[PDB]
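Engineer: The data below comprise the sequence and an experimental structure of the protein.
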Amino acid sequence: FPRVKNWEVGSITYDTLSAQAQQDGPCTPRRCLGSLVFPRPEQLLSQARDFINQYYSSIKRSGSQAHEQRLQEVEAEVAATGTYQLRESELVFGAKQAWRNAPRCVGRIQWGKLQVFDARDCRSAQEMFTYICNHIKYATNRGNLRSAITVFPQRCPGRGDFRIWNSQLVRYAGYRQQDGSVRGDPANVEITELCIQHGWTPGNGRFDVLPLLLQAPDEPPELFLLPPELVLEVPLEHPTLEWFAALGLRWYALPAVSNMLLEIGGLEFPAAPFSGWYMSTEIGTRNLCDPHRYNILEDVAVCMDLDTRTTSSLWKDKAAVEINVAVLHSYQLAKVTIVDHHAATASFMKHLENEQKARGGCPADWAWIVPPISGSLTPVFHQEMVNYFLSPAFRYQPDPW
Amino acid sequence: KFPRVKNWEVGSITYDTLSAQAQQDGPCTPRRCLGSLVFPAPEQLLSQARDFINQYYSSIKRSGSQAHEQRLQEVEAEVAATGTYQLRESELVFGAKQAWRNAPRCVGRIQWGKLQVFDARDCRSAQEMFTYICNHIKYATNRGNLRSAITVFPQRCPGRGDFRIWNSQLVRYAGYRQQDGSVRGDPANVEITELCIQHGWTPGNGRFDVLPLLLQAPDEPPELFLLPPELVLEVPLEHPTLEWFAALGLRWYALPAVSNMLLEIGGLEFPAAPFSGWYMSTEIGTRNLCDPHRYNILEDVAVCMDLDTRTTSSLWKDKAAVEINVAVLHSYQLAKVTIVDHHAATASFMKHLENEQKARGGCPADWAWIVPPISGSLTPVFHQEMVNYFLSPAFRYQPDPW
Ligand code: HEM
Ligand code: HEM
Ligand SMILES: CN(C)CCc1cc(F)c(F)c(CCc2cccc(N)n2)c1
Ligand SMILES: CN(C)CCc1cc(F)c(F)c(CCc2cccc(N)n2)c1
Ligand SMILES: C[C@H](O)[C@H](O)[C@H]1CNc2nc(N)[nH]c(=O)c2N1
Ligand SMILES: C[C@H](O)[C@H](O)[C@H]1CNc2nc(N)[nH]c(=O)c2N1
Ligand SMILES: [Cl-]
Ligand SMILES: [Cl-]
Ligand SMILES: [Gd]
Ligand SMILES: [Gd]
Ligand SMILES: [Zn+2]
């Protein structure tokens, strides 16, 4: 049972929950790989038994009446057909648990308040699109954002797979150039290639909302233009730096992740887009400033008249703070839910305390919980964390092509 | 077989083949990563020594030669006769450099080959120990033009207690527990402060009182030694454009000299081997001055800057901290005292990483320690995956002598 210390306060806890870890991670006694982004059939019954036992424990109803019964149906469902269907409530409780189990999510204090849309009866790219569009419009909610996940049909053998070919529902275009460099978002350069490939007309913009590429089983993808009124965007302005607006920067309101495999009770949902709301540093620091993303940092420094000639002026840090100020100021003026890294990390500590008494600990990935600016000014920095894999879970999956 | 490591900034990919020769085991398992935790007989002595001698003879391009085999047998014979062996001087210099080179939490290792090794293995008493330390401080400080130095005191050996420096660093500020539970000075140094007083140090009552040294010779109690004032180069903190900042009375010292770690070379253990380099500005400005459990000056600075400290979304904390780091860099450069900012340091560590991949097929690095505590993703190390493992020779933590 790992001893885990908070260095700001001196407190000690033990992660007893870690002993239940499922799909082992990438680290061995001889070398730690925690910093790596992507870690280097009849036993479906084991993962179904486990999840069902989880479900009935969470309603103070283990070993009573319906618990026994539900074990036999999945036994019979898999005995007969090889796979099984989740009761609607189980799908809800498992979608919530997988968010609860996400070691890299700093937003998990909200895990109990998640809206699960059941799309298990979906059948093709036009049906998906309307599900995706209901999610987007529900989640966006005129800027009063609400956590949502739409669960598309589970995978079963011998037939294809529902997939969203975009990493998120809202992505900006990346346009390669006559000289390799990129106008727009370089993280998306490739899905821009596929959208252009399958018929989309490339704009000329740094911020062109990409179309969607939705794929029904066995059929090739099909482009879907997103309703421009459904794609809520925030222009970025700064409260005191009047020229910031003139940089023509924008970001979207809705972080909706559409490429992760949701895995509940041994079942695989390669299409289950989830969404919450942004922490400002995701936008201001990673998306706008990462050297391989919009990479705007030096442009804002010039505008601030900072000495970019020596790094000891800390011009990078100064411009990065003002970018984050602009992001928070703009989303607030636009009345769009956003949370700064201090409020977010403080609520994560509160979540750690809740999880400690509730489940005996909490899988947390220190490198992803600690914000990408001002790390040690937030409490999570001083909190030792234990990383491990519990089920239900969100897992990465290979790109469909 | 070998970990594939990606740099996300450039897209680059390497394989850390060096990780496969990891001489000891870390705290992680396939169940669970513990990489964020701060504190994770003749046969094995023989095989560690044999491995180190092989390393040493590789570096001087004498692998498998006559000199090499003679030294193995010499060591095996001395381990059989005495239960221990003695390093030649050149092996010691190589072993201290390697230990620095192998330290995964150290972002300053581009410099590892330029290390000044003082051989104090003939030290006899605490008084001689103090003189060796004063000359280390004098040489490393070098009037503000800092040089990397390690002074190696006699190895652990059977029959004798250890040389130990009780202080975690050669220069530390006292932490005076006051009666509220509040601390005047550095709260990290409350324990060593009480020990110094208990050993007869007359306390001051400032916030930057330099602590005396508690020096332990084999099988003796610790002995108190006052550092001569003109040997502890200090830097008053001022800000280039916030002039009220100098009225905070803040200071820090020039020399970061870690004195409580164990240097291990070929199975031999040196519990006393203080090493020193020069500061990276975020250690002082962010960690030592802004940590809530250290000097915790963040709020007072933000208030003086007239930031709105009632809401977090004004980012007053980030704004105050940036300016504290500016003050640190300005103050040291004004005082002509070596200092590196987290941008210059992380960039040189990237060059270290590339040098080490070519030299050894990888480099042990502890990402959470290499990434600076502010502005993390603005530095290049953030976007570099890293492999953490224990190579030997090594610096290791050890329990406090008390
Ligand atoms: C509601 C407020 C939320 C906040 C503030 C938030 C914030 C974050 C942040 C900053 C990360 C770091 C990962 C990255 O940026 O690459 C993350 C990871 C993650 N979050 Fe959340 N999130 C929220 C909601 C949700 C919801 C509703 C779900 C799913 C139901 C979710 C699932 C995940 C997963 C699976 C990851 C890890 C994926 C990865 O590392 O790429 N989050 N979250
Ligand atoms: C000369 C410039 C140097 C710089 C800029 C530098 C920088 C750093 C920094 C920022 C850390 C993390 C400190 C912390 O917050 O815990 C560190 C750790 C460390 N350094 Fe270096 N260092 C330098 C020289 C040296 C030398 C000369 C040695 C030994 C010969 C050394 C050995 C270590 C070790 C063993 C650690 C790990 C201890 C720990 O992480 O608690 N460093 N270094
Ligand atoms: C470098 N970084 C920009 C990578 C972007 C990225 C890639 C992923 F796969 C991923 F799951 C997330 C999660 C972001 C997220 C999800 C839900 C709410 C929220 N507020 N945020 C973010
Ligand atoms: C409080 N927290 C910052 C940790 C303090 C701490 C504890 C250690 F054991 C340790 F080796 C170092 C390294 C500090 C250092 C050494 C050499 C040069 C440099 N520039 N810095 C720092
Ligand atoms: C608990 C957490 O891992 C701990 O505070 C670590 C994080 N990274 C660090 N990095 C450095 N350079 N120094 C530190 O003391 C720490 N502390
Ligand atoms: C190498 C390092 O692990 C990698 O850059 C990680 C660190 N933390 C991150 N944190 C977030 N939110 N997103 C990322 O892409 C990363 N990348
Ligand atoms: Cl994002
Ligand atoms: Cl320090
Ligand atoms: Gd101007
Ligand atoms: Gd001024
Ligand atoms: Zn690990």
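Structural biologist: Now that the structure is in, tell me what you want to look at. Numbering: from 1, shown residues only, chains lettered A, B, ... in the order given. Ligands and ions are numbered 1, 2, ... in the order given.

Engineer: going forward, measure contacts and count neighbours with C-alpha atoms only.
Structural biologist: Fine.

Engineer: Break down chain A into its helices, ranges please.
Structural biologist: Taking DSSP state H, the helices of chain A run over residues A:44-57, A:66-81, A:88-100, A:125-140, A:189-197, A:280-281, A:288-289, A:297-303, A:315-333, A:341-359, A:366-369.

Engineer: Redo those helices as CSV? Include distance to ligand 3.
Structural biologist: Converted to CSV, the helices of chain A look like this (distance: least, CA to the nearest ligand atom, whole Å):
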stretch, distance to ligand 3
helix A:44-57, 23
helix A:66-81, 31
helix A:88-100, 10
helix A:125-140, 11
helix A:189-197, 14
helix A:280-281, 8
helix A:288-289, 9
helix A:297-303, 15
helix A:315-333, 13
helix A:341-359, 10
helix A:366-369, 10
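
Engineer: Residue B:222 is nearest to which of these?
Structural biologist: For those, the distance to residue B:222 is smallest for helix A:366-369, at 39.0 Å, taking CA to CA.

Engineer: what's the distance between that closest one and the middle of its chain?
Structural biologist: How far helix A:366-369 lies from its chain's middle: 14 Å, per CA atoms, centre = their mean, to the nearest Å.

Engineer: cool, and stretch A:67-75?
Structural biologist: 32 Å.

Engineer: How about residues contacting it?
Structural biologist: A:45, A:48-49, A:52-53, A:56, A:61, A:84-85 (CA atoms under 8 Å, 6 or more residues apart in numbering or on different chains).

Engineer: before we move on, what about stretch A:142-149?
Structural biologist: With CA under 8 Å, 6+ apart as the criterion, stretch A:142-149 contacts A:95, A:113-117, A:135, A:138-140, A:232, A:253-254, A:272-277, A:334-337.

Engineer: what number of residues lie near residue A:286?
Structural biologist: 20 (other CA atoms under 10 Å in any protein chain shown).

Engineer: Tell me if I'm right that residue A:391 and residue A:98 touch.
Structural biologist: Yes. Residue A:391 is in contact with residue A:98 according to CA atoms under 8 Å; the separation is 6.7 Å.

Engineer: any common contacting residues for the two?
Structural biologist: With contacts taken as CA under 8 Å, 6+ apart, residue A:391 and residue A:98 have A:263-264 as neighbours in common.

Engineer: Which one's more surrounded, these two?
Structural biologist: Each of residue A:391 and residue A:98 has its neighbours counted (other CA under 10 Å); residue A:391 has more, 23 against 20.

Engineer: Next, work out how far apart the more buried one and ligand 3 are.
Structural biologist: 17 Å (CA to the nearest ligand atom, to the nearest Å).

Engineer: List phi and psi for that residue.
Structural biologist: phi -110, psi 150 (degrees, to the nearest 10).

Engineer: That one and ligand 5: what is the separation?
Structural biologist: 25 Å.

Engineer: And residue A:353, by the same measure?
Structural biologist: Using CA to the nearest ligand atom, one gets 16 Å for the distance from residue A:353 to ligand 5.

Engineer: neighbours around that residue, how many?
Structural biologist: By other CA under 10 Å, 15 other residues sit near residue A:353.

Engineer: separation between it and residue A:362?
Structural biologist: Distance, residue A:353 to residue A:362, by CA to CA, to the nearest Å: 9 Å.

Engineer: What of residue A:278?
Structural biologist: The value you get for residue A:278 to residue A:362, if CA to CA is used, is 22 Å.

Engineer: Show me which of these two is the more surrounded one.
Structural biologist: residue A:362 (26 against 22).

Engineer: Please name the nearest non-neighbouring residue to the more buried one.
Structural biologist: Sequence neighbours aside, residue A:355 is the residue nearest to residue A:362 in space, at 5.9 Å (criterion: CA to CA, 6 or more residues apart in numbering or on different chains).

Engineer: from the stretch 1-150 of chain A, which residue is nearest to ligand 10?
Structural biologist: Scanning the stretch 1-150 of chain A for proximity to ligand 10 using CA to the ion identifies residue A:8 as nearest, at 32.9 Å.

Engineer: I'd say that residue and residue A:382 touch.
Structural biologist: Yes. Between residue A:8 and residue A:382 a contact is recorded at 5.8 Å, counting by CA under 8 Å.

Engineer: For ligand 6, what is the nearest residue in the stretch 51-200 of chain A?
Structural biologist: Distances between the stretch 51-200 of chain A and ligand 6 by CA to the nearest ligand atom are smallest at residue A:104, namely 7.7 Å.

Engineer: if we can go back for a sec, more crowded one of residue A:8 and residue A:382?
Structural biologist: It is residue A:382, of residue A:8 and residue A:382, that has more neighbours when counted by other CA under 10 Å, with 23 against 15.

Engineer: got the contact list for the more buried one?
Structural biologist: A:6-8, A:376.

Engineer: Could you check how far it is from ligand 11?
Structural biologist: According to CA to the ion, to the nearest Å, residue A:382 stands 18 Å off from ligand 11.

Engineer: try residue A:338
Structural biologist: Using CA to the ion, residue A:338 is found at 32 Å from ligand 11.

Engineer: Spatially, and excluding backbone neighbours, which residue is closest to that residue.
Structural biologist: That would be residue A:278: by CA to CA, 6+ apart, it lies 5.3 Å from residue A:338.

Engineer: which residues touch that neighbour?
Structural biologist: Per CA under 8 Å, 6+ apart, neighbours of residue A:278: A:253-255, A:337-339.

Engineer: ok, of the residues you listed, which one's closest to ligand 3?
Structural biologist: Looking across the contacts of residue A:278 and measuring by CA to the nearest ligand atom, the closest to ligand 3 is residue A:255, at 5.3 Å.

Engineer: So what's the residue count around that closest one?
Structural biologist: 23.

Engineer: can you check the one 3 residues further on too?
Structural biologist: Residues lying near residue A:258 (other CA under 10 Å) number 23.

Engineer: Over to the one 4 residues further on?
Structural biologist: By the measure other CA under 10 Å, the count of residues near residue A:262 is 26.

Engineer: pretty sure it is touching residue A:163, no?
Structural biologist: No. With contact defined as CA under 8 Å, residue A:262 does not reach residue A:163; the gap is 11.6 Å.

Engineer: What parts of the stretch 1-150 of chain A come near ligand 1?
Structural biologist: The stretch 1-150 of chain A comes close to ligand 1 at residues A:99, A:102, A:104-107, A:110, A:147-149, as judged by CA under 6 Å from any ligand atom.

Engineer: ok, residue A:132 - contacts?
Structural biologist: residue A:150 are the contacts of residue A:132 under CA under 8 Å, 6+ apart.

Engineer: domains for chain A, by residue range?
Structural biologist: As given by CATH domains of a matching chain, the domain ranges for chain A are A:15-120+A:147-157+A:261-275+A:345-369, A:121-146+A:161-232+A:396-400, A:233-255+A:278-343.

Engineer: quick revisit: tabulate the contacts of residue A:382 in a markdown table, adding columns for distance to residue A:369.
Structural biologist: Converted to a markdown table, those look like this (distance: CA to CA, whole Å):
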| residue | distance to residue A:369 |
| --- | --- |
| A:6 | 15 |
| A:7 | 16 |
| A:8 | 16 |
| A:376 | 12 |
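
Engineer: Just list whatever residues bridge to the residue of the stretch 1-150 of chain A at minimum distance from ligand 11.
Structural biologist: Relative to ligand 11, the nearest point of the stretch 1-150 of chain A is residue A:32 (3.8 Å; CA to the ion). Beta-bridge partners of residue A:32, counted by DSSP bridges, are residue B:388.

Engineer: one step back: where's the residue nearest to residue A:338 relative to residue A:116, distance?
Structural biologist: Applying CA to CA to residue A:278 and residue A:116 gives a distance of 19 Å.

Engineer: Equivalent analysis for residue A:72, please.
Structural biologist: Separation of residue A:72 from residue A:116 (CA to CA): 26 Å.

Engineer: and residue A:207, what does it touch?
Structural biologist: Shown in contact with residue A:207 (CA under 8 Å, 6+ apart): A:172-173, A:184-185, A:250.
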